[PDB]
Amino acid sequence: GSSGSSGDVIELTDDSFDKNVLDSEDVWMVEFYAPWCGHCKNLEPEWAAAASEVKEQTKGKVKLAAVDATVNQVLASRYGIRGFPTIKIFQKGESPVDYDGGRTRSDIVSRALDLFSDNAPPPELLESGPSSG
């Protein structure tokens, strides 16, 4: 996760991916890239930065991760990832969506926010809840 020179990009596998996302009630932005593709190499940094700008803006609610469609087949096949980069969003409870647009932290982040509100509560005092139920 956090090491060397890189933003807050989390590496998930074809097995843990479900144990990290499904096992969490938070938005997980799964992005599939190829180590032999340019369109991705240019996003490498764009995603790293965005992750931080998104995690800080979403207070951790909306996290950003990356996957290697070259090693991940279970997932890639599940939805069918052949055209990288491939940004996909997953929200515990409702079906996941397909992100298609600007490939720059500027845009990537802009979206994450549009969701943050959906799940995570807005900036305004509010009761927590009696034992979450």
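The authors' numbering puts the sequence shown at residues 1 to 133. Just so you know, even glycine gets a beta-carbon here, dropped at the ideal spot from N, CA and C.
Here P85 is buried: its Cβ has 16 or more other Cβ atoms, across all protein chains shown, within 10 Å. For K41, same chain residues with a beta-carbon under 7 Å away, outside a window of 5 residues either side, do not exist.
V62: member of the beta strand (DSSP E) spanning 62-68, first to last residue. With respect to the 8 Å criterion, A65 and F32 are not classified as neighbours on the basis of their beta carbons.
Counting along the chain, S106 sits inside no beta strand (DSSP E); it lies in the alpha helix (DSSP H) bounded by residues 105-119. Take the alpha-carbon of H39 and the one of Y79: they are about 20 Å apart. The bridge partners DSSP lists for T86 are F32. Per DSSP, the continuous beta strand (DSSP E) segment holding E94 begins and ends at 94-99.
Residue state for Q57 is assigned as helix, using DSSP reduced to three classes. Following the DSSP letters along the chain, one finds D18 inside the alpha helix (DSSP H) bounded by residues 16-20. Between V27 and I89 the beta-carbon gap is near 7 Å, inside 8 Å, which marks them as a contact.
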